[PDB]
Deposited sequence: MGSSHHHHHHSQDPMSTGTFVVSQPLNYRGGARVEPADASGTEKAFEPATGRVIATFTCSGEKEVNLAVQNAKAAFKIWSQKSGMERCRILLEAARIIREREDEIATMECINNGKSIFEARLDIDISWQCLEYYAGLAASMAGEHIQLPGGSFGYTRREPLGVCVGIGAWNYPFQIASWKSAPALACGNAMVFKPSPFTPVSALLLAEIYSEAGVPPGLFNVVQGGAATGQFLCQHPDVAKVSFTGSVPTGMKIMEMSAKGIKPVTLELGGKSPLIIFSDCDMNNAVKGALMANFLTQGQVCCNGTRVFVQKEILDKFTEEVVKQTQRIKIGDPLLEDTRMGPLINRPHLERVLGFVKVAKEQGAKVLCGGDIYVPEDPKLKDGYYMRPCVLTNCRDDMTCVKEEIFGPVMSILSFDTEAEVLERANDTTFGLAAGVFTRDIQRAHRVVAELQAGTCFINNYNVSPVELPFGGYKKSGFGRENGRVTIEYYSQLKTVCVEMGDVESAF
């Protein structure tokens, strides 16, 4: 029943002891917006030192209770929380859309990964085991993974609910308590998560939320009772050879640039296209790009909502202005989009941008824009691309499009990108294993590695026989 241009936060945005609270202390005052309308949905207080201390002391007490619960008990509560998220999916997706501006289409996908994450770690909480080892004469050594205590999770504005689920689910599955600090741009959706954990049966204090910016974050990092803080060259390339399947390359290109309004570092923004198919690819992309439905994020047919805020939209438009000054040819977009609905008129919209005649020395090719901007760079040979494209960090992604798999695997072996795609490109958070595919699963390793980030190995040795003295 919740629609665009109506929502106003009517409750406090901090969460401690199983209840929404006003911060005890201030480190600022921020405004959260509905990017679709440009309306202020909340004027909230940034948490000070005393408030951060209260949230950590509260989490410490909940940790002491929760860490004493068995794996199977923590699993039951996390599986209930996953069922509550699934039942309230649309309500959560709606609230995510209002504050962030992504399409209800993409918000539902984030909520799915959110409850999937919770079930995965709940499963791991229930099945965890340490090692048992035999020592001579009946003596034995055994290991167990223990939680750390109070963990802090830092939020980002591009995947608010998802980052919050993805940080808290493993931390909590381990036996830890979490103090979460959302991005001051997106304070709202993390409270839905806090409320849902409480409903599922987590002890009061286990998942706390303190709102704030840099000063709040610093108070959390510096807090002596905080065990751990979980934070959030060239840019991600997309290579399109002339032997590729045109339609799939065009579809991949648009998916790699214009999903989440292109406000992701995952995005395959540098689109290296082979000289022979340049013209055909460029024309088909512009054609498919001009068809992208820009509008109200709550509408089922919207595939492009607004940019997070007004300063962010101005920055993206600034990059387009500098691009054409530097010699780029704007094919479509890169300008303010005006919707027909007068309730969306002060909303932060723009037309998706496709740039041709791009060079490696251009700032639009060098810098990550965080907007719907595609840079098309022409290339001649496999050797040339790999030279221009291998200045990419491991933390980034890459995609290759070719029908010949020998070429594909050769290019994937050469590129320094941690996540590679062959004849596809998925835009998904870094933390997601197997490039964030739908019917993929998490595998086993990802959870093992993230479980050990939120825990410590305790070792016990039992001497059965007598002590062998060196003296």
Mind pulling out the bits of the deposited sequence that never got modelled, as residue ranges from 1? 1 to 13, 246 to 269
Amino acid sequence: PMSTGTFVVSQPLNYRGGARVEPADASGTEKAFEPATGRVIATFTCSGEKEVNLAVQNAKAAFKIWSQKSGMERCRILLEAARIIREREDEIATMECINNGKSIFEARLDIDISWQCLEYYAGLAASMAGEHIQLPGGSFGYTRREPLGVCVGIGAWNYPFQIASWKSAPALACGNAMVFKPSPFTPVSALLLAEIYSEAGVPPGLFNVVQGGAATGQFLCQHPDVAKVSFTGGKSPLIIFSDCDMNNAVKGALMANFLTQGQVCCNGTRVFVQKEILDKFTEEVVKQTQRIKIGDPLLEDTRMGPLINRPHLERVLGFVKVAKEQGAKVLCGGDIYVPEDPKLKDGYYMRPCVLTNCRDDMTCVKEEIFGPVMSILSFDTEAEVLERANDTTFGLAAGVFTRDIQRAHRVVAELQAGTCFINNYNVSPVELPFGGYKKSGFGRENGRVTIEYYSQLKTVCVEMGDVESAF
From here on, numbers count along this sequence of modelled residues.
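Think of the rigid core as the biggest set of C-alphas that the two forms share within 1.5 Å after superposition.
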Comparing 9 to 17 with 456 to 464, which has C-alphas lying farther from the shown form in 4 other deposited structures of this protein once the core is aligned? 456 to 464
Quick one: with the core lined up, is it 385 to 393 or 164 to 172 that wanders further in 4 other deposited structures of this protein, going by C-alpha RMS? 385 to 393
Counting the other entries of this protein, is residue 234 left out in at least a third of them? yes
Quick one: say whether 425 to 433 or 30 to 38 has the higher mean Cα B-factor in the deposited entry. 425 to 433
Between 248 to 256 and 212 to 220, name whichever shows the higher mean Cα B factor according to the PDB entry. 248 to 256
Residue of maximum C-alpha B factor among 83, 303, 235, 144, per deposited coordinates: 235
Deposited CA B-factor, highest of 162, 189, 356, 100: 356
Residue 402: which third of its chain by C-alpha temperature factor? highest
Binned into thirds over the chain's modelled residues, the C-alpha B-factor of residue 199 lands in the middle
Residue 337 by Cα B-factor - lowest, middle or highest third of the modelled chain: middle
Could you place residue 105 in the lowest, middle or highest third of its chain by Cα temperature factor, using the values in the record? middle
Can you work out whether the C-alpha temperature factor of residue 263 puts it in the lowest, middle or highest third of the chain? middle
